[PDB]
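Below: one structure, written as structure tokens.
Below, read A as the first sequence line, B as the second, and so on, with proteins coming before strands; counting in each chain starts at 1.
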Amino acid sequence: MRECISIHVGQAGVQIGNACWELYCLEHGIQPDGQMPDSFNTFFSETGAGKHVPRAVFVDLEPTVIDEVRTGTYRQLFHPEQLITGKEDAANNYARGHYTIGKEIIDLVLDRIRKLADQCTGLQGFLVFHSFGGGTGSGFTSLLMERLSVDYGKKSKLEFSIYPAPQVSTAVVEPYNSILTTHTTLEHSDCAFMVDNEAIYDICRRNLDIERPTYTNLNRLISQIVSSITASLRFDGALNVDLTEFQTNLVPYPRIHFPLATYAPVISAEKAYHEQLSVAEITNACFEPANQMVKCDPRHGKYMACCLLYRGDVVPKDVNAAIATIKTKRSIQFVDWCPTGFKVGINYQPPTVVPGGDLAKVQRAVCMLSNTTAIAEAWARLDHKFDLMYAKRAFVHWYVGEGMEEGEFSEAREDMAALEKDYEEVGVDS
Amino acid sequence: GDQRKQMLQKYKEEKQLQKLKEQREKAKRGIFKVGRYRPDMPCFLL
Ligand SMILES: Nc1nc2c(ncn2[C@@H]2O[C@H](COP(=O)(O)OP(=O)(O)OP(=O)(O)O)[C@@H](O)[C@H]2O)c(=O)[nH]1
Ligand SMILES: [Mg+2]
């Protein structure tokens, strides 16, 4: 049992999935062609004799990235009809991915997910990888999440995403897509993790001292985070973190389900020898504003619940010591209505190293997911960008052309402002 | 000689005034520039 289904929507999701599946194949020992020369049941199936098929699905409205997968070294891993492909890209348009182009591919992905979930007896949740800016990763992810909610229901729906950066962004119509997708993410996703590309670049520049990091390094870090998330399902440890109890401990209110991922230690090879990577120091480094994986300052916010996913050579004693030291620190501030705000999971499997990766071999690793109030700042700045572009009605006709109304933008903005008001209300003490 | 130095001071004042006017006109719209990033310093707990 303990099965999970991975969904990768858009280019960002497909490439992050390539990183994640290379990582899992390295972890469980499965060769790229699907043979091992137990614990893979969480992510891999069994087909006849010595075949491990990943429990994933690759959906994108343009063929380029999926055809990279179909021709790359992992072409034997997936069965051909698992990788789903449209004809025309959503073209950075929420409307195209949600109404016009996305409607001719949704039945096929839905029954593919149905058949993929029929093979597993202990399905726990879906991992949906997408981006908040692209037309596909916004619109089609919204459509898929609402169909999965009306179809599957009580199953958890974990969601990994690439939030647009405050400054360094690669799309012009990005805030529109982000607001439109969050208007449906607020209700159709049980726990949506936030990752920003700018923060990955900053982490790679400072810690991993890479002058020129590409998307493959970003996806490698994100894959490490997801592997740390699912290690409890895929391995054993002193304290196990199932997806359901993770969601229960991390989400205090139904609309507040946007925690911040962060991973530690992230270091270069040459920097690793001179560091005594103890549990206390990586636990401290998880709270460091420079090591945050989304460009927002936790100091301006107050934590509400943070889950600690230790893995490697970790004993609960020093975890308790580190948590106490954090509790004593005044810079890290917690809400008064959460006297205990740490969910702890210690695993036995150390984080593996992908060949050719930029991360050093480490005995211990921590993946913190803190549901802080600092994300209200990034959300409010995205709202400011949306308001600027919407006062002049710029780019709106590109959405009204194929299935949108002005009322959709107004509703999305009102819902997002309500979300900000909710975060402000839960921030203030009593 | 006093008249000559008074005229000298007046000339210097006029030159300074026109130079400042040109600087004010230039500063309204800077010229297009492009370089490297100069990343911001990371913030630390303090
Ligand atoms: N971290 C990371 N982000 C990516 C990667 N590839 C694309 N993105 C992000 O995706 C965002 C835009 O969406 P895309 O994935 O490019 O496009 P899409 O999701 O396929 O949707 P369309 O634009 O309609 O094609 C950009 O802001 C990128 O930050 C990647 O490999 N790694
Ligand atoms: Mg695309």
Gap separating the [atom1] atom of [X] from the [atom2] atom of [Y], nearest 0.5 angstrom:
{"X": "A:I7", "Y": "A:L158", "atom1": "CD1", "atom2": "CG", "value": "11.5 Å"}
{"X": "A:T214", "Y": "A:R212", "atom1": "OG1", "atom2": "CZ", "value": "12.5 Å"}
{"X": "A:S39", "Y": "A:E27", "atom1": "OG", "atom2": "CD", "value": "9.0 Å"}
{"X": "A:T42", "Y": "A:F235", "atom1": "OG1", "atom2": "CZ", "value": "9.0 Å"}
{"X": "A:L23", "Y": "A:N219", "atom1": "CG", "atom2": "CG", "value": "12.0 Å"}
{"X": "A:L243", "Y": "A:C191", "atom1": "CG", "atom2": "SG", "value": "9.0 Å"}

Tell me the closest heavy-atom pair linking [X] and [Y], and the distance in Å.
{"X": "A:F132", "Y": "A:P164", "answer": "CB-CD, 3.7 Å"}
{"X": "A:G86", "Y": "A:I105", "answer": "N-CD1, 3.5 Å"}
{"X": "A:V109", "Y": "A:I106", "answer": "CG1-O, 3.1 Å"}
{"X": "A:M194", "Y": "A:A192", "answer": "CE-O, 3.7 Å"}
{"X": "A:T373", "Y": "A:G427", "answer": "CG2-CA, 4.3 Å"}
{"X": "A:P351", "Y": "A:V362", "answer": "CG-CG2, 3.7 Å"}

Step by step, work out the ring pair (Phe, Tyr, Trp, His ring centres under 6.0 Å) result for A:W337 and A:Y253.
CA-CA 12 Å; A:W337 48 266; A:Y253 295 96; 5.8 Å; yes
A:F409, A:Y94, A:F395 screened by ring-ring contact (aromatic ring centres under 6.0 Å, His included) with A:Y176, the one that passes:
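The passing option is A:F409.
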Answer with yes or no whether the side chains of [Y] and [X] bring together a donor and an acceptor at under 3.5 Å.
{"X": "A:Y74", "Y": "A:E68", "value": "no"}
{"X": "A:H52", "Y": "A:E46", "value": "yes"}
{"X": "A:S227", "Y": "A:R234", "value": "yes"}
{"X": "A:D60", "Y": "A:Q11", "value": "no"}
{"X": "A:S223", "Y": "A:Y24", "value": "no"}

Main chain of [Y], side chain of [X]: is a donor-acceptor contact present, judged purely on distance under 3.5 Å?
{"X": "A:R311", "Y": "A:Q349", "answer": "yes"}
{"X": "A:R96", "Y": "A:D89", "answer": "yes"}
{"X": "A:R381", "Y": "A:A376", "answer": "no"}
{"X": "A:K51", "Y": "A:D33", "answer": "yes"}
{"X": "A:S189", "Y": "A:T185", "answer": "no"}
{"X": "A:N93", "Y": "A:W398", "answer": "yes"}
{"X": "A:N291", "Y": "A:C286", "answer": "no"}
{"X": "A:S138", "Y": "A:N177", "answer": "yes"}
{"X": "A:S161", "Y": "A:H130", "answer": "no"}
{"X": "A:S156", "Y": "A:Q124", "answer": "yes"}

Less than 4.5 Å apart, side chain to side chain, heavy atoms only: is that true for [X] and [Y]?
{"X": "A:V319", "Y": "A:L308", "answer": "no"}
{"X": "A:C25", "Y": "A:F44", "answer": "yes"}
{"X": "A:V65", "Y": "A:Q15", "answer": "yes"}
{"X": "A:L143", "Y": "A:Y99", "answer": "no"}
{"X": "A:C20", "Y": "A:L127", "answer": "no"}
{"X": "A:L221", "Y": "A:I203", "answer": "yes"}
{"X": "A:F129", "Y": "A:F58", "answer": "no"}
{"X": "A:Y303", "Y": "A:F342", "answer": "no"}

Quick check: are there more than 12 heavy atoms from other residues, nucleotides or ligands sitting under 6.0 Å from [atom1] of [X]?
{"X": "A:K115", "atom1": "NZ", "answer": "yes"}
{"X": "A:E245", "atom1": "CD", "answer": "yes"}
{"X": "A:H384", "atom1": "NE2", "answer": "no"}

Please determine whether side chain to side chain contact (heavy atoms under 4.5 Å, CB included) holds for the pair A:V396 and A:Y390, giving the CA-CA distance in whole Å, both sets of side-chain angles, and the decisive distance to 0.1 Å.
CA-CA 8 Å; A:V396 186; A:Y390 196 71; 4.0 Å; yes
Output, in order, the C-alpha distance, side-chain angles, deciding distance and verdict of side chain to side chain contact (heavy atoms under 4.5 Å, CB included) for A:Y263 and A:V366.
CA-CA 6 Å; A:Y263 188 77; A:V366 181; over 6 Å; no
Starting from the C-alpha separation in whole Å, work towards a yes-or-no answer on side chain to side chain contact (heavy atoms under 4.5 Å, CB included) for A:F40 and A:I30.
CA-CA 9 Å; A:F40 55 77; A:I30 305 162; 4.3 Å; yes
Worked verdict on A:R55 versus A:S45 for side chain to side chain donor-acceptor pair (under 3.5 Å)
CA-CA 7 Å; A:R55 281 168 173 163; A:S45 302; 3.1 Å; yes
Test side chain to side chain donor-acceptor pair (under 3.5 Å) applied to A:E411 and A:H183, step by step
CA-CA 8 Å; A:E411 282 174 359; A:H183 171 59; 4.6 Å; no
Tell me if the aromatic rings of A:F193 and A:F246 count as close, with their centers under 6.0 Å from one another.
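They qualify: ring centres under 6.0 Å apart.
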Determine, for [X] against [Y], whether the closest basic-nitrogen to carboxylate-oxygen distance falls under 4.0 angstrom.
{"X": "A:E406", "Y": "A:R393", "answer": "yes"}
{"X": "A:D151", "Y": "A:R114", "answer": "no"}
{"X": "A:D415", "Y": "A:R255", "answer": "yes"}

Distance under 6.0 Å and angle within 45° of ring axis: A:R75 vs A:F78
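No - A:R75 does not lie over the ring of A:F78 by the 6.0 Å and 45° rule.
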Working for side chain to side chain contact (heavy atoms under 4.5 Å, CB included), residues A:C4 and A:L233
CA-CA 9 Å; A:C4 276; A:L233 269 68; 3.6 Å; yes
Using the side chain to side chain contact (heavy atoms under 4.5 Å, CB included) rule, pick out the option among A:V335, A:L250, A:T372 that qualifies with A:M304.
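Going through A:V335, A:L250, A:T372 one by one, the side chain to side chain contact (heavy atoms under 4.5 Å, CB included) with A:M304 is satisfied by A:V335 alone.
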Could you walk me through whether A:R364 and A:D313 pass the salt bridge (charged side-chain N to carboxylate O under 4.0 Å, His left out) test, one step at a time?
CA-CA 5 Å; A:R364 293 154 272 279; A:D313 191 2; 3.6 Å; yes
Any idea how A:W379 and A:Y423 line up, ring-wise: parallel (<30°), tilted (30 to 60°), or perpendicular (>60°)?
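The rings of A:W379 and A:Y423 stand perpendicular, inter-plane angle above 60°.
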